[PDB]
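Enquirer: before the rest arrives, take these chain(s) from the complex:
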Amino acid sequence: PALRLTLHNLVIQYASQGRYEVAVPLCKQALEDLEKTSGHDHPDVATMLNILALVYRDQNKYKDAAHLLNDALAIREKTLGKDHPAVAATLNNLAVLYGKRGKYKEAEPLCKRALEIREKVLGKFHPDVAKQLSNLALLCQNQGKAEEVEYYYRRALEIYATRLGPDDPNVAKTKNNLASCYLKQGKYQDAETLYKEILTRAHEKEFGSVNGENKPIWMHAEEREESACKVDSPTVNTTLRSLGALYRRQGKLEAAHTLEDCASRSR
């Protein structure tokens, strides 16, 4: 573009940074008009629609915001084509707007496609891609899609656990999420295993060499069923409670009762 349509454009981003909407929305339009007269339907017209869609979302004009991104998407699909990185960002932004209104059904395909493009660009095992998974799986954690969200969380965990440390929060969060999906699928043992993994891993993040007399809380819980744990971690607390429902289901009531003992003290 001419350094009119570029400096014009440079301030759009500039004044909106200090959240100065109203100011910016008007300029962006004046730009798009100049662009659609001096070169249409072109990919730049789409980049501007994108910024305008973002500003509308921030003003809670969701109907208007969504409409623009769809038109920016169609422009980018014609020009830059399918599998293009800029098409991936647009699909995500539209999936976001759809999720904000609780339209999960129509958000899933958009998010599924964005992930496919992201795998082509970055590779199947990049962690920018692991985002897309424990985000796309959490699309279907709303839709109760379970067999798919078993697949996507396993794929997600596969990347998180390997590419990042065992003390990374995404690992425990994905494990809890896969744990709930196993519970829903009546695979109680498979859920129990995952919960034990979180607690065992977390026990080792402070209590060194995991000694003979140094056992994780769940072991003491089960051994107590033959009749020192204050941890202010929010994810651990949830794990503590969630399994305290498995121990109740199995009739291991004293263990399950002992699973609130460190969930309500450490909070």
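Expert: Cool, got the structure. Residues are numbered from 1 along each chain as shown, chains lettered A, B, ... in the order given.
Enquirer: OK, contacts around the residue of chain A positioned farthest from its centre?
Expert: When distances are taken from the C-alpha mean of chain A, residue A:227 lies farthest, 43.3 Å away, according to C-alpha atoms, centre = their mean. Residues in contact with residue A:227, defined by C-beta atoms under 8 Å, 6 or more residues apart in numbering, are residue A:254. No exception for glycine: its C-beta is placed from N, CA and C like everyone else's.
Enquirer: cool, residue A:21 as well?
Expert: Contacts of residue A:21 (C-beta under 8 Å, 6+ apart): A:55, A:58, A:59.
Enquirer: at 6 Å instead, please
Expert: residue A:55 (C-beta atoms under 6 Å, 6 or more residues apart in numbering).
Enquirer: same check, this time on residue A:136
Expert: So residue A:136 contacts A:111, A:115, A:152 (C-beta under 6 Å, 6+ apart).
Enquirer: how about a cut-off of 7 Å?
Expert: Counting by C-beta atoms under 7 Å, 6 or more residues apart in numbering, residue A:136 makes contact with A:111, A:112, A:115, A:152.
Enquirer: Neighbour-wise, which one of the residues you listed leads?
Expert: residue A:152 (26 neighbours; other C-beta atoms under 10 Å).
Enquirer: Distance of it relative to residue A:235?
Expert: Residue A:152 sits 19 Å away from residue A:235, going by C-beta to C-beta, to the nearest Å.
Enquirer: for residue A:226, same thing?
Expert: In terms of C-beta to C-beta, residue A:226 sits 29 Å off from residue A:235.
Enquirer: neighbour-wise, which of the two wins?
Expert: Neighbours were counted for residue A:226 and for residue A:235 using other C-beta under 10 Å; residue A:235 has more, 15 against 7.
Enquirer: Does the more buried one lie in a helix or a strand, and which?
Expert: helix A:234-243 (DSSP states H and E).
Enquirer: Then residue A:223?
Expert: Assigned by DSSP H and E, residue A:223 falls in helix A:217-224.
Enquirer: what angle sits between that helix and helix A:234-243?
Expert: Comparing the axes of helix A:217-224 and helix A:234-243 via axes from the mean of the first three to the mean of the last three C-alpha atoms, to 10 degrees yields an angle of 30 degrees.
Enquirer: Another chain to add, chain B:
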Amino acid sequence: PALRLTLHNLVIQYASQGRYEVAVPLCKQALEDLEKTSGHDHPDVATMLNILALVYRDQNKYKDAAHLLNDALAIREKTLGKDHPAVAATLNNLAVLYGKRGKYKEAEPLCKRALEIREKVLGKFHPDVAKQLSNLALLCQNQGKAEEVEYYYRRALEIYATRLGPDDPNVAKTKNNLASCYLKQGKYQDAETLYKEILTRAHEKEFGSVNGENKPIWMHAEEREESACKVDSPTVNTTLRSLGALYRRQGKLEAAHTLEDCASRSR
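Expert: One more piece, chain B, placed on the ones above:
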């Protein structure tokens, strides 16, 4: 006993150590006769019947061997009572003899009871329990009771992985055993996950912090499917060949070659 019936006894064990049977069994009888005249039915007679039963098993006189252990068991149950550690060993030895003749059905309850006693004595999570759970998983495996095998290997792995280091061979061995169980049931995903866990863990036992650009072999294998591992560990080699077979089933033949060529180089 009198230092006649003790030194008499001391040589039983002594001459049988160098596998000198024929010699020993005659003495063991002479001892049991002296014991049954000078104090019957008593726990020591049972210990001698035990040694006798062991010697008979080694001479392949299985009918005779099993009959004696049953009588030693009944003596120990009367004297030392149920839940006594010495009863546990007897039940295991009788379960062994029954397994050697392919009588798995009648061996399972004996082995199940021995485990219950071992849990009372040592606690639900002592390593010696994981030895029973592995023997118990293997008997069920011979009966084709896969759902129970799955249960017993999960229980054993639970102990091994937690109580012992992640580099402990029992972990990988139990994981391979559970994987085969999963394969037999047609639960290919659950087996694939286990195989990947072994390789990922083993990758971290030399290649430090598991960096972004430092991925495990199976990742490189799958990423290669978009078209440096010499490890002389025998268990790992098996895992590589097994996961390789799953990729072959999925039609990911290039991924399969990657792991297979790694195995055949490290042997």
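Enquirer: now with chain B: the contacts of residue A:136?
Expert: A:111, A:112, A:115, A:152 (C-beta atoms under 7 Å, 6 or more residues apart in numbering or on different chains).
Enquirer: now with 10 Å?
Expert: A:92, A:95, A:107-108, A:110-112, A:114-115, A:148-149, A:152-153, A:155-156 (C-beta atoms under 10 Å, 6 or more residues apart in numbering or on different chains).
Enquirer: Just the ones in helices from the residues you listed, please.
Expert: Here DSSP state H is the test, and the contacts of residue A:136 give A:92, A:95, A:107-108, A:110-112, A:114-115, A:148-149, A:152-153, A:155-156 as lying in helices.
Enquirer: how far away is the residue of the stretch 1-150 of chain A at minimum distance from chain B from residue B:214?
Expert: Of all residues in the stretch 1-150 of chain A, residue A:125 sits closest to chain B, at 5.2 Å by C-beta to the nearest C-beta. In this view, residue A:125 and residue B:214 are 12 Å apart by C-beta to C-beta.
Enquirer: So which of these two has more stuff around it?
Expert: residue A:125 (20 against 14; other C-beta atoms under 10 Å in any protein chain shown).
Enquirer: related to what we said a few turns ago, reduced to three states, what does the residue farthest from the centre of chain A come out as?
Expert: coil (DSSP: H, G, I helix; E, B strand; the rest coil).
Enquirer: if we can go back for a sec, intersection of neighbour lists for residue A:125 and residue B:214?
Expert: Common neighbours of residue A:125 and residue B:214 (C-beta under 10 Å, 6+ apart) are A:162, A:163.
Enquirer: check contacts around residue A:16.
Expert: A:23, A:24, A:25, A:27, A:28, A:51, A:54, A:55, A:58.
Enquirer: Show me which residues of the stretch 151-267 of chain A sit near chain B.
Expert: A:151, A:154, A:157-159, A:161-166, A:187, A:189-190, A:192-193, A:196-197, A:199-200, A:203-204, A:209-212, A:214-216, A:218-220, A:222-223, A:225-226 (C-beta under 10 Å from any C-beta of the partner chain).
Enquirer: from those residues, which would you call buried?
Expert: Buried members of those, counted by 16 or more other C-beta atoms under 10 Å in any protein chain shown: A:151, A:154, A:157-159, A:161-164, A:166, A:190, A:192-193, A:196-197, A:199-200, A:203-204, A:210, A:215-216, A:218-219, A:222, A:225.
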